[PDB]
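**Student:** Sequence, then structure. It's an experimental one.
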Amino acid sequence: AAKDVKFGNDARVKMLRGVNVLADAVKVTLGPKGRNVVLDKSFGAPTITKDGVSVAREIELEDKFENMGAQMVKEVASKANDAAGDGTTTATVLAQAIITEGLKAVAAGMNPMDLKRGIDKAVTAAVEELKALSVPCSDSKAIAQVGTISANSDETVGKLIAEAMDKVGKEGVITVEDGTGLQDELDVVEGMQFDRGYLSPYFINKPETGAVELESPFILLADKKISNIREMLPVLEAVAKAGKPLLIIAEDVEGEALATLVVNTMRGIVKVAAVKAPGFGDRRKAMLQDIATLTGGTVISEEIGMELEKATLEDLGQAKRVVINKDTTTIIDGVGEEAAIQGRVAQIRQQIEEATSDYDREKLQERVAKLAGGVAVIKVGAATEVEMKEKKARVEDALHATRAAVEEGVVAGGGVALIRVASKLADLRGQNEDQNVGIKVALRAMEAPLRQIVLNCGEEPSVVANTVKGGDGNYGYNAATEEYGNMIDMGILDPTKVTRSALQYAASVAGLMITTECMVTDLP
Amino acid sequence: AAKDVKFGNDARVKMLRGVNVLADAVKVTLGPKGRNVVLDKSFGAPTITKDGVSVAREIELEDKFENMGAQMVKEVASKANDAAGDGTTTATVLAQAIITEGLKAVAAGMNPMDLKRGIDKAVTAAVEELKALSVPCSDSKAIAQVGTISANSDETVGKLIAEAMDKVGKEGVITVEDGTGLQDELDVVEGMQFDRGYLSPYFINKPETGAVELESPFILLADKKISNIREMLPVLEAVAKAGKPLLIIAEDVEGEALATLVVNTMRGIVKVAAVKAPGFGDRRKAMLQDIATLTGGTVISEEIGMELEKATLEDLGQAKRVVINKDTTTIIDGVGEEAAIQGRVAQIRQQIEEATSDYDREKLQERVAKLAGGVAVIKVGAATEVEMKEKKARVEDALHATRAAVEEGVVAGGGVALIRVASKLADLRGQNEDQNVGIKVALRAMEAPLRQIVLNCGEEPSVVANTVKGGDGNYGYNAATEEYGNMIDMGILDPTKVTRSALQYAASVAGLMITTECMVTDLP
Amino acid sequence: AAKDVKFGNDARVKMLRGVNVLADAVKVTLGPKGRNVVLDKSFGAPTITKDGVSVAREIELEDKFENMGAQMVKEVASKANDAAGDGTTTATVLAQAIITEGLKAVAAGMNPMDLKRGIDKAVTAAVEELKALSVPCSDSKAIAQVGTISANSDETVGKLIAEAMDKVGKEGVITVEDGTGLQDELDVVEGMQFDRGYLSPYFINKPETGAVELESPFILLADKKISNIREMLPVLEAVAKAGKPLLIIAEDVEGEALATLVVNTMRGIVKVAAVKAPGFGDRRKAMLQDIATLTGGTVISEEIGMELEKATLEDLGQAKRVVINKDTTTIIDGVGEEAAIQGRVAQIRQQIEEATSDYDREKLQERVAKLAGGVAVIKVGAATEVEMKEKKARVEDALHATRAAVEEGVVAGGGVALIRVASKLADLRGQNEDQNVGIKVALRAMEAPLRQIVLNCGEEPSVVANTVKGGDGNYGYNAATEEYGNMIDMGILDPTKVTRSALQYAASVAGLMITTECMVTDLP
Ligand SMILES: Nc1ncnc2c1ncn2[C@@H]1O[C@H](COP(=O)(O)OP(=O)(O)O)[C@@H](O)[C@H]1O
Ligand SMILES: Nc1ncnc2c1ncn2[C@@H]1O[C@H](COP(=O)(O)OP(=O)(O)O)[C@@H](O)[C@H]1O
Ligand SMILES: Nc1ncnc2c1ncn2[C@@H]1O[C@H](COP(=O)(O)OP(=O)(O)O)[C@@H](O)[C@H]1O
Ligand code: BEF
Ligand code: BEF
Ligand code: BEF
Ligand SMILES: [K+]
Ligand SMILES: [K+]
Ligand SMILES: [K+]
Ligand SMILES: [Mg+2]
Ligand SMILES: [Mg+2]
Ligand SMILES: [Mg+2]
């Protein structure tokens, strides 16, 4: 593959022109008065989005060098979304700022490797100062606040997350799905519930709605699919002699085994229900042990020294009540030690830290929430499918933000935190004169986010930056109300993590990026 | 791959140009004096249609940006059809008006997101105002009127649909099909009728055309296929001893059981006929118990404590008569008390509301109707294929509209409803001056539909709009007579559902669309 | 993909230019002095044809808009052929005349949708005037005349068709095949005849050419091949005492069974012949019960309760005489008389009508004719193959025409019919002025066909039209002799069906076509 090489200011400029494109395209979505971008998709109708990394991911340039530039800054936006879920635009805006003033500094002839050392040092300091400005976010008031801001001033969304986090606890999981009507809807499930139906419609008890109810039943668990015919008599015969109902959770139940269970329950011999296991293998098998230890039963596996025909009443689990409908199965207050239950959650703590990243965290906490806490699901409503993609995207941002705000705390929004930490670091110096510039470049660049928000309002950024920098603490500019005031009192909150993350990531890549003396790529 | 990005008014102009194409092609079909669009098809001859959403779907533009714009408003036309089934054109016109006046406001430098907030609130208000103006549609005259209007002034369509709804009621199902002769025809099937043929042609009785008539028959139902063993004998011997012709409803009957069945009917000991069960596997089993309880029979299931070999003369139901032909099977009378049937009809009511939308509702309402009410079918009498395609489309259009008008009520036609609610919302204000403009852009755009129906007459739209705004109530312009009057007395009717829908949908995408500061797409 | 849209007079013209091409290529074949069009075929040599729809189907234009136009009018020509089989050209000229004057009326700004209503009212009115002017076609003189006219003044074709219709009855089928000798040949078969040969040639009786004559034979029907078990013979032992000649029609006859049949016939105990059944199962089996009841025999089926060895002498049918050859087998008179036969004829009546249309009715009427009436075949002949294809098309045209002329009656040819009803509709008016013009446009267009015929003679159409419009009754212009006179007495007759159809179909597409305000297609 024949390559093409460029040097010096020639190459830097080509790179910069590319970066500016990715950045200038992301910038328009910043802040409450920030605007929307349309991304063309071959697949279906276009996508309208205010989410920065969403726009960033789609940017690709024809000039190989400009492309390289943009493709490099596209990473700072992406790394933010995989970490925080908010601040992608903020992080991207910071990244651009560092590089512009940075590359300008190289044109001054200053040594770049020294410039990076200065920046990284200034950045390290700024993070510490942020750890200082960080105040804990606890009350559902603050939760609604960080949520409302990250949602672009949707108070319903903010209020919705605070309720969800409040009802199911901090361990409760929350998911975002497409809506039916035009209204947002909050669903809450307490206790253990998974999605599967009764295998035969004939299992319905007295209650209508297709509800099957079992009071103080026996639960049975199989690692394998049942099928055959009758199978398992000793366990069923023991439950019949016992005087209680049985619940069966297996890989599946084939028609022969189902029929014989149906005939016995129809005639009235023994009250019985049988339901399919939660998921495909290892999803299912893992969630039996979650389910097994909750109800104090023992999982019967073909992979160990036990089998279905040999079973004891002790292998069975017990619960107060169980409810099964066409799509759902529920276990009301099953009986297992709090010791054993907390044992399974503690084992998932080791499961919390993984290499799987996203979707690993969604399905892992899902098991945990079901075992201890409860689940919350938010249904986003819309008139049309394109508004749905916008509403749900604003909801996902707000969800990650509130979660992040909860754990790592909050600082004043409006990017005023960065502009404040920059004011605190003013007396900072480096090893050499060149390193000093790298430090100063960073502080000037921490102004960028605030100065960008104002510009999106079409107002003089120069004036607002001045009038905010003249003051101290949480005094800041409200872009929505277009008036100054206390950021914290006005409910404008940045999860500290998203602000910290945006700053760190942009500096890392931009620091490396201004060190470029050459660029190699494939020929057109 | 490599993309192309444009910003601001540069991009908006490109977007609008596209929108206008999609719209301008659709606009021409609006109103009674509106005209037809031709859509070329590679397979066969081209199609001539006045139906708006049909035209919108076919629009695709060469300029990548212009295309993106059009593809977005193409959605408002499509969502309209998916909701109401009428008002695709009107909704398209509204969007353009919103986008046109909307983008104009952004060019002024007003904040788009405030424009959107200003619009949706005005829209929300209009929805309430329309929902208030909606009046019940009951009398068959009114039904005939809205049907005729959606049919573009075809009285036969109005009078024909009104009769069908009048004969089988609100709940009767109506379907629309292609036809042989030139006159519209309405066929109605009473009692229980499902579509399947006799497996053996020798079952034919006196009546030609393959007619098989059976007096006081028996109904038998198999969850399973009855091909191989043909062991029902003991049940048959009981019925042969009774000397009655029965009806056999199974998954299917193979020639082995049939051949001996043929010979049995040939010899004369007992006349017997057998036809296939109505539906697909899970679907049919739901419709099997429905047929059994109608005739008072009991369903034979392999999933229950019964079996194919075990049945009694008592498990079969009785009917007055049954008629089986090449295509359809019929039971003219079943034997049962009104308590159990109306209960099962009441029980199917809960199955009626589901997620399954289309194809679910047709046969379900079909089943409910077959069990209690009746089914109605309308055959469209167009002469040729190019004339048939437009004719049938107007008939389906009118059907959804009558359906829509009945359930949610009707409002004054001629698009006069929107202009009327616009006058009622006149004092509506927003949070700031920009939001105020958003509201006015909405109200200003609500005149669009009427002035467009006028403009298609080649008459001054401004004058008619003014003189209509001069009046109140149902006062409006009649485009067919080209003179004014009362819209309701003149039988010009807008289903409240479609007008409300058309408004909401246009508002959704148009509101979102004017928020565009950038557009990203592929390179030519 | 990317589309292209044009509006208004811009698009209409493109549509028009297209229509004009399709028409102008068809026009030249109109009338006795009409000329021929050559259609190129890639595979073989070109085809020369006077058949109108033949030329129309081949037309495809490069400009997508013009193409759309022609492809739409290509349909009026196609529907004429699909209905009558004649009148295809006449219909096309009608369509062109209507469309041209219509667009002229639209360019005046008159409402198109009102124009369509005007025309159709005019068209519907004209049909009744035709139905009044329709006089019955009965005598073989008149039938020969309309056949001759549709044949382009070929008297042989008319008299030959007239001979066919008189001899074999109304139920007879008529076919057109390629010729051996330069001469046209009419072959007629009375009674029951099907095509299959004797499997063994040794069966020949007195008459040579392998002709077998069997007196009072016996009919047998088999769903099975007589291969495996040929020991079915005992029925023959009953036949050996009774008579020589029995005929067996089965799925097939194997060599071992044939061999034993040959030798037994060789000695002289009983002279016997055996032949295979004529057709495919579904069709042959349908024609099997036909032969059994014709001769008063009973069908033996393996799919029913009968067998190979089990037969009764009553199960066989009898005939006056039977003759069998290498190709065909024949039954002269049957013994089931009219009682069994017409019962089968009346039950097959419902099968005569269907949705299968062509291909099904071809051979179904074949079956019906064989049972009561007889089948007729016309051998069309020519010197060369290209002259044969034009010849066969005119024979098919004349064939379709006589069939159509018989059922719906005839009116004066030369298009004098249309121009005569046009004089009658002069006082017809619509609801508004635009509708009036549409009515006049139709009447103006009904003159087109006649003036076009004259134009093909290279004479002034205006002169003949006027001097023709001056007279009454059947007075018209004779294009062959170039002199005036009585159309019916001069033997120039139009089947009422073809003239009725041409107008209706031409009006259907032309009416819809002048409503076009827009056209969408793919980019070049
Ligand atoms: N009403 C407001 N007034 C002032 N600043 C705001 C307001 N709402 C949000 N902001 C600021 O704008 C930023 C919003 O970021 P956003 O564009 O939603 O995503 P990202 O954090 O990825 O840029 C936050 O840093 C916040 O401080
Ligand atoms: N004769 C008329 N005069 C004035 N307005 C009419 C008339 N007929 C219908 N309308 C209005 O216009 C609408 C019909 O639009 P139409 O042109 O049929 O588009 P579509 O076929 O997509 O519904 C109706 O909903 C009604 O409100
Ligand atoms: N000698 C004639 N004089 C006047 N009209 C004739 C004569 N021969 C045929 N015609 C007319 O020509 C028409 C048949 O023309 P042709 O092109 O063969 O069929 P079509 O136009 O229906 O495809 C008939 O309508 C008939 O009235
Ligand atoms: F651009 Be974001 F809401 F991180
Ligand atoms: F917008 Be419409 F009259 F279906
Ligand atoms: F179309 Be024809 F040969 F009358
Ligand atoms: K954003
Ligand atoms: K329309
Ligand atoms: K012709
Ligand atoms: Mg955000
Ligand atoms: Mg309509
Ligand atoms: Mg002809």
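**Tutor:** Structure received. Residues are numbered from 1 along each chain as shown, chains lettered A, B, ... in the order given. Ligands and ions are numbered 1, 2, ... in the order given.
**Student:** Determine whether the claim that residue A:95 is in a strand is correct.
**Tutor:** No - with DSSP: H, G, I helix; E, B strand; the rest coil as the criterion, residue A:95 is helix rather than part of a strand.
**Student:** Run a quick neighbour tally on it.
**Tutor:** Burial measure for residue A:95: 33 neighbouring residues, criterion other CB atoms under 10 Å in any protein chain shown. Where you see a C-beta, it was placed from the backbone N, CA and C, and this is true even at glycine.
**Student:** surely it meets residue A:509?
**Tutor:** Yes - Residue A:95 is within contact range of residue A:509, at 6.4 Å (criterion: CB atoms under 8 Å).
**Student:** the strands in the stretch 401-524 of chain A, which residues?
**Tutor:** A:410-412, A:475-478, A:483-486, A:493-495, A:518-522 (DSSP state E, counting those that start in this stretch).
**Student:** Kindly report the same for the stretch 151-300 of chain A.
**Tutor:** A:174-178, A:185-190, A:192-194, A:212-215, A:218-221, A:246-250, A:272-276.
**Student:** Among the ones you listed, which comes closest to residue C:71?
**Tutor:** strand A:174-178 (42.3 Å; CB to CB).
**Student:** tell me which residues in the closest one are buried?
**Tutor:** Under the neighbour-count criterion of 16 or more other CB atoms under 10 Å in any protein chain shown, strand A:174-178 has A:174, A:176 buried.
**Student:** shared neighbours of residue A:95 and residue A:509, anything?
**Tutor:** Common neighbours of residue A:95 and residue A:509, counting by CB atoms under 8 Å, 6 or more residues apart in numbering or on different chains, are A:73, A:76.
**Student:** one step back: minimum distance to ligand 11: which of the strands of the stretch 151-300 of chain A has it?
**Tutor:** Nearest of the strands of the stretch 151-300 of chain A to ligand 11, taken as CB to the ion: strand A:174-178 at 29.2 Å.
**Student:** Distance check, residue A:299 against residue A:289.
**Tutor:** 6 Å (CB to CB, to the nearest Å).
**Student:** These two: which is more packed in?
**Tutor:** residue A:299 (20 against 17).
**Student:** Settle this for me: the more buried one is touching residue A:293, isn't it.
**Tutor:** No - using CB under 8 Å, residue A:299 makes no contact with residue A:293, being 9.0 Å away.
**Student:** Quick check: buried residues in stretch A:252-264?
**Tutor:** A:252, A:253, A:256, A:257, A:258, A:259, A:260, A:261, A:262, A:264.
**Student:** Give me the contact list for that stretch.
**Tutor:** A:199-200, A:202-203, A:225-231, A:248, A:270, A:272, A:274, A:276-277, B:302-305.
**Student:** Drop anything exposed from those residues.
**Tutor:** Using 16+ other CB under 10 Å, the buried ones in those are A:199-200, A:202-203, A:226, A:231, A:248, A:270, A:272, A:274, A:276-277, B:303-304.
**Student:** now, the most widely separated pair of those?
**Tutor:** A:277 and B:304 (24.9 Å).
**Student:** What are the neighbouring residues in contact with residue A:58?
**Tutor:** So residue A:58 contacts A:39, B:3, B:520 (CB under 8 Å, 6+ apart).
**Student:** Dump these into TSV; add neighbour count as well.
**Tutor:** Formatted as TSV, the contacts of residue A:58 follow (neighbours: other CB atoms under 10 Å in any protein chain shown):
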residue	neighbour count
A:39	19
B:3	21
B:520	23
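**Student:** now, which of the residues you listed sits nearest residue A:385?
**Tutor:** residue A:39 (14.7 Å).
**Student:** How about the backbone phi and psi for the closest one?
**Tutor:** The phi and psi values for residue A:39, taken as degrees, to the nearest 10, are phi -110, psi 120.
**Student:** Next one: it relative to residue B:229, how far apart?
**Tutor:** With the distance defined as CB to CB, residue A:39 ends up 62 Å from residue B:229.
**Student:** Quick one: closest of the strands of the stretch 151-300 of chain A to residue A:72.
**Tutor:** Short answer: strand A:174-178, nearest of the strands of the stretch 151-300 of chain A by CB to CB, at 31.0 Å.
**Student:** can you list the residues that contact the closest one?
**Tutor:** A:161, A:164-165, A:168, A:362, A:375-380, A:382, A:388, A:392, A:395-396, A:399.
**Student:** Direction included, what does that strand pair against?
**Tutor:** strand A:374-380 (parallel) (DSSP bridges).
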